[PDB]
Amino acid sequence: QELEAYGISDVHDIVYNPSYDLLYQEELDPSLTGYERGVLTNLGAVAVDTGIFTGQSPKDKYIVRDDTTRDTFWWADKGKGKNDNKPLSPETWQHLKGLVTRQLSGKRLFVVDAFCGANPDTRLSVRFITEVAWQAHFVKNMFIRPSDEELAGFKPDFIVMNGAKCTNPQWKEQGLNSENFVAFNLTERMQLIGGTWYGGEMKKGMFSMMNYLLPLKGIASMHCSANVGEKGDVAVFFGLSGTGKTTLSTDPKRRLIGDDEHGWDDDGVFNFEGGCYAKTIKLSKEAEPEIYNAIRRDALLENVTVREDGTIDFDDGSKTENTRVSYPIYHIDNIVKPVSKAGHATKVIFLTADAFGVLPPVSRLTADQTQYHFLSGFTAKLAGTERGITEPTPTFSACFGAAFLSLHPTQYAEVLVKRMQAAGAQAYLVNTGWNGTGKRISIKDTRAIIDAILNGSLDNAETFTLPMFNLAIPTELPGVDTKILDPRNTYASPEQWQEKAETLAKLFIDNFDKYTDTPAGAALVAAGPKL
């Protein structure tokens, strides 16, 4: 009846609000075939393969262009910086909606109702529809699980229909990138998924919608982790994928607010999600004990290698480097509860994994440097590794998450700065990546830096200015190996560091030029690196 209103017909079996026990038994059903199948690991958690897609597909992301979105969305084709917000006609949207609704017609469907956003005043009431048990599990893990009371009066104001099993044969004619699609309609308030089974598309899809609606009513919407000390002091950690937001916010000395998506309104910082989505490549029990410990029944492992005897080879990246596990946030012992939110952040930390080996492990940023490095959104990676090559490859992703921005970067920078100023927050840049050794800084050294930021040690330290990037760096910090604080010390000579710094400075300078078409942007150039 109600499923019909969405266009899904002849649904025989409806599993509304599936329990964790039911999801466990659905995933291990021995008659499942293909990518629906789960296998039980010795840690008690079920592991699945997500299919050919093992990460987001930005090239398949489309947003319907209509009178509601025309003048507010950050469109990929309106010459305002590179992004993945590709415009979609309403007519083609109706075609994709027919593909997905027909695929889900005549099937057994899982329907998960959940919240995106910790606060009733700004949260989305999302209804997720799928025919794959582990997809419903993923959304039960990653979104906010309502109370029985909230379920009774649940009134969806966004529908996500996951049609991973269907594809679009009309895509060439329609000007699309492939037979797969991840599409959003703000008029009908719906997300459609076709071709990719990857659960991340639903998580980041609703993130992108929050990123669109929250700043339009004065609320920051942020790609960050967040935690809070006993005294109520809040830290947020920005950064691109793989830079350490989840690894480093899971800190037994802090209460976890969230690991990936947060808003910032008049009362403080608040988590969007009900779970965490940790990377498991090379996962070390000794280095990341709380994340490791979260891997138990009700956690959902993705694309890991599971041996015949049920043990996991966390080292094996053969399916993908992006091996993951999701778990409800209460699989972490020390968290904020029952509501994932706290006060205003006073520490704002930009994580970056600098494969060029130039940036210092830690530096406290000026106000202009904060805006400069927020708009720049830099990280890099050794792309040549499988070829035995050191191909440092830069990524500049505005606000440390341009793939999920629905508005222009400046709109996120503006509201972040307003929130920071009102709170007297301070910002820091942390290289969680490489130095002159050609190896990453150890997790142990990085946690000690984060400690030094949070407890005021770094603020009381004697500092000097790193040349070129003009970053204030400490001579020493409690519990941190002193040699690494100056990035020049791990090369044969400061001159060898300088050669790489000049290379990276020019990358930053070229990237930043697109923000200088305003007076404020051009004024920020002086805060960036100077040859």
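Start at 1 and count along the sequence shown; that's the residue number.
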- Message: Please compare 452-460 with 349-357 and name the stretch with the higher mean C-alpha B-factor in the deposited structure.
- Response: 452-460
- Comparing 476-484 with 35-43, the one whose average Cα B-factor in the PDB entry is higher: 476-484
- According to the deposited entry, which of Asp84, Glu414, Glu302, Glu91 has the largest Cα B-factor? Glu414
- Message: Between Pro146, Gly218, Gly401, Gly274, which one tops the list for Cα B-factor in this entry?
- Response: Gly218
- Note on the structure: Split the chain's modelled residues into thirds by Cα B-factor; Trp434 lands in the highest
- Task: Within this chain's modelled residues, let me know which third the CA B factor of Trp497 belongs to: lowest, middle or highest.
- Result: highest
- Message: Quick check for you: using the entry's CA B-factors within this chain, is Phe508 in the lowest, middle or highest third?
- Response: middle
- For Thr518, the third of its chain by CA B-factor is the highest
- Note on the structure: Tertile call for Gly194 (CA temperature factor, within chain, third-based) is the lowest
